[PDB]
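Okay, so here's the structure we're looking at.
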Amino acid sequence: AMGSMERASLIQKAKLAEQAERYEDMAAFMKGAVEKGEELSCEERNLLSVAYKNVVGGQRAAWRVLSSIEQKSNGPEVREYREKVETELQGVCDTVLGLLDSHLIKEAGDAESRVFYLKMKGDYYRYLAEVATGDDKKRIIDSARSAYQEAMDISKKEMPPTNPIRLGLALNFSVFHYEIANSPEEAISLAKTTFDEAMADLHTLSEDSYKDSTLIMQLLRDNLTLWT
Amino acid sequence: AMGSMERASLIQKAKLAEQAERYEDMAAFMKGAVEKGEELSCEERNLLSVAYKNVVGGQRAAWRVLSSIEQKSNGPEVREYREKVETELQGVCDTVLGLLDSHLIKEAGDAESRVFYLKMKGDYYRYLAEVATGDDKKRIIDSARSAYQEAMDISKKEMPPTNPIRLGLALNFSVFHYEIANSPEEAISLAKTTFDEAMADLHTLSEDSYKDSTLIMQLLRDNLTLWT
Amino acid sequence: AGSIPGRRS
Amino acid sequence: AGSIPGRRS
Ligand SMILES: *Cc1ccc([N+](=O)[O-])c(OC(=O)c2cccc(Cl)c2)c1
Ligand SMILES: *Cc1ccc([N+](=O)[O-])c(OC(=O)c2cccc(Cl)c2)c1
Ligand SMILES: [Ca+2]
Ligand SMILES: [Ca+2]
Ligand SMILES: [Cl-]
Ligand SMILES: [Cl-]
């Protein structure tokens, strides 16, 4: 649908849509930019991720409200409307996963891009897992786990322990363990080891990098405080 | 598009959409309910108004962000995207105005419903006027003024000066005078007279009605403080 | 300035 | 609990 707009204009409009808090537009512009077929720069990857995180975040919040009302009730309207929102959410997750599979991951050869996209793949399978209840729930969970694990393996070989992408990947994989995989001890161990290894590498960083890394380390600590 | 869903189910789903902060859905459900052709109850009128106020409020906020960026700039992208948002906003206003014209106003015979719908008509022409720049800007402004004036005339004959609909109508008509019609003195006079006449009628009210009326009176006072 | 906020039923 | 909020570029 964005095929007639220049790549650079789609990127410019995605930035304007972010300023205007028009995240559905932002996601459509960034989908159009991906579909031009060129690899994404670091800033463009961040625009893609922010756009879809906001879209799916609103859907997840609505699904949780409706799911809570439905569980309290147990006419067809609450279930029907929860199902409508759930289908829309699944459609957005499938769209993101489709962009990653056609063809962002296969062309991503640098550690920073490949880890970023595999973390995204884990995240969007995780959002699918949050609403899954059928015969594929196990397979959806395994798909999230596999994507996160490949990203972790690359990040540990190629990035320092303070790298913000590495830290955010570990944070989200720990949330996967706690919330999806019923593995709270694995979640706590991963968050603790990630935090401690980052702490020991802070001395290597500039003031600005220190700020970036310590911000995410505080999120790991916040989860550890809630989980212990 | 909602023609196959029961009226009562549309109303139930509009209430669920409000809880889930899904205001576009809420507006579509309430449009479907209006298009069943029956008059709306007081609560249903409020659901219709809340849904569209949230939809158009997000559009207006985005339009203001983009308009500010465009004015600072003076490629085509900022103007093109501001125009896209503006067209979408105009489409929502035209949809609301169309519901009022087909056929909510013509069937509204009680003062509470007729004033409510004429206030809405003034509000949505006012939102059109905020973005108007062409040869119909004067006519759009006059359409807002005419709707508000008919609502005011009914409200002064049929409602006490503390009635919340009457108060909110006067508040919004004063904003029209200040922001759209370049008539700040008329805005201030209307807000002051409305506040003073409501104050003198508070003694007639129950505790709960007093709370409802004084809340809107404080909004009139807040505007008077900003304008003087 | 402020019209009726109008965004919560 | 909290994943990366991820909602502001
Ligand atoms: C047009 C109007 C007049 C009076 C009231 N009122 O609150 O009594 C309302 O109600 C609303 O829709 C509303 C008012 C303030 C804040 C919010 Cl979120 C909604 C409308
Ligand atoms: C996945 C990820 C890892 C690390 C960062 N980071 O901030 O360095 C981000 O960035 C974001 O997208 C973000 C983080 C926190 C809050 C918000 Cl609104 C965005 C992502
Ligand atoms: Ca080109
Ligand atoms: Ca029926
Ligand atoms: Cl490559
Ligand atoms: Cl009637």
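Throughout, read-outs are computed from the coordinates displayed, never taken from laboratory work. Because the Cβ atoms are built from the backbone with ideal geometry, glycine has one as well, and the counts that use them run over all protein chains shown.
Would you confirm whether any residue within segment A:192-212 is more than 28 Å from A:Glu130 (Cα to Cα), part of a helix (DSSP H, G or I) and within 14 Å of chain D (Cβ to nearest Cβ)?
Yes; the residues of segment A:192-212 include at least one that is more than 28 Å from A:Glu130 (Cα to Cα), part of a helix (DSSP H, G or I) and within 14 Å of chain D (Cβ to nearest Cβ).
Could you say which residue among A:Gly57, A:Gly122, A:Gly91 is assigned to a helix (DSSP H, G or I) and more than 12 Å from every other protein chain (Cβ to nearest Cβ)?
Result: A:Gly91 is the single residue among A:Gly57, A:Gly122, A:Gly91 that is assigned to a helix (DSSP H, G or I) and more than 12 Å from every other protein chain (Cβ to nearest Cβ).
Just the residues that are over 21 Å from B:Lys53 (Cα atoms) and either within 16 Å of ligand 2 (Cβ to nearest atom) or among the aliphatic types (A, V, I, L, M) (or both), please, taken from segment B:132-169.
B:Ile154, B:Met159, listed by residue number.
Against the definition (under 22 Å from A:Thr228 (Cβ atoms), away from chain D (no Cβ under 11 Å) and either away from ligand 6 (no atom under 16 Å from the Cβ) or more than 15 Å from the chain's Cα centre (by Cα) (or both)), how does A:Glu158 come out, yes or no?
Taking the combined requirement at face value, the residue does not satisfy it.
This table checks each residue for (1) within 16 Å of ligand 5 (Cβ to nearest atom); (2) under 20 Å from the mean Cα position of the chain (by Cα); (3) outside any helix (DSSP H, G or I); (4) buried (at least 16 other Cβ atoms within 10 Å of the Cβ).
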position	(1), (2), (3), (4)
A:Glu24	no, yes, no, no
A:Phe29	no, yes, no, yes
A:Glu38	yes, no, yes, no
A:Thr87	no, yes, no, no
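Just to be sure I understand, how many residues within segment B:50-104 are farther than 18 Å from B:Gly122 by Cα and among the aromatic types (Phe, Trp, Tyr)?
Result for segment B:50-104: 2.
Give the residue, chosen from A:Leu104, A:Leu128, A:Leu99, that is more than 30 Å from A:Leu66 (Cβ to Cβ) and either assigned to a helix (DSSP H, G or I) or within 16 Å of ligand 6 (Cβ to nearest atom) (or both).
A:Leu104
Of all residues in segment B:131-145 being of a type in the set (A, V, I, L, M) and assigned to a helix (DSSP H, G or I), which is nearest to B:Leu99 (Cα to Cα)?
B:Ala144
Looking only at residues that are closer than 16 Å to A:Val34 by Cα and under 12 Å from the mean Cα position of the chain (by Cα) in segment A:101-117, which one is farthest from ligand 5 (Cβ to nearest atom)?
Filtering segment A:101-117 for residues that are closer than 16 Å to A:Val34 by Cα and under 12 Å from the mean Cα position of the chain (by Cα), the one farthest from ligand 5 (Cβ to nearest atom) comes out as A:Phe116.
If you check every pair at least six apart or on different chains, which have Cβ atoms under 6 Å apart with a residue in segment A:28-40 that is within 14 Å of chain B (Cβ to nearest Cβ) first and a residue that is aliphatic (A, V, I, L, M) and away from ligand 2 (no atom under 16 Å from the Cβ) second?
A:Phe29/A:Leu10; A:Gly32/A:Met2; A:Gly32/A:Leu10; A:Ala33/A:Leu10; A:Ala33/A:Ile11
Could you check B:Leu99 against (1) more than 11 Å from chain A (Cβ to nearest Cβ); (2) within 17 Å of A:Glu24 (Cβ to Cβ) and say which number it fails?
Evaluating B:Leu99 over (1) more than 11 Å from chain A (Cβ to nearest Cβ); (2) within 17 Å of A:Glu24 (Cβ to Cβ) leaves (2) as the failure.
List the pairs whose first member sits in segment A:8-22 and is within 7 Å of chain B (Cβ to nearest Cβ), whose second member is among the β-branched types (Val, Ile, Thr), and whose Cβ atoms are under 6 Å apart, counting only residues at least 6 apart or on separate chains?
Short answer, once both residue conditions are applied: A:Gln19/B:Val65; A:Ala20/B:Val65.
Give me a count of the residues in segment A:1-26 that are within 11 Å of ligand 3 (Cβ to nearest atom) and more than 17 Å from B:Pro76 (Cβ to Cβ).
1
Looking at segment B:146-167, which of its residues are in contact with a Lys or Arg (Cβ under 9 Å, 6 or more places away or on another chain), buried (at least 16 other Cβ atoms within 10 Å of the Cβ) and part of a helix (DSSP H, G or I)?
Once the filter is applied, which keeps residues that are in contact with a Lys or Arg (Cβ under 9 Å, 6 or more places away or on another chain), buried (at least 16 other Cβ atoms within 10 Å of the Cβ) and part of a helix (DSSP H, G or I), segment B:146-167 yields B:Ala147, B:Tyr148, B:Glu150, B:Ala151, B:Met152, B:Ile154, B:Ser155, B:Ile165, B:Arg166.
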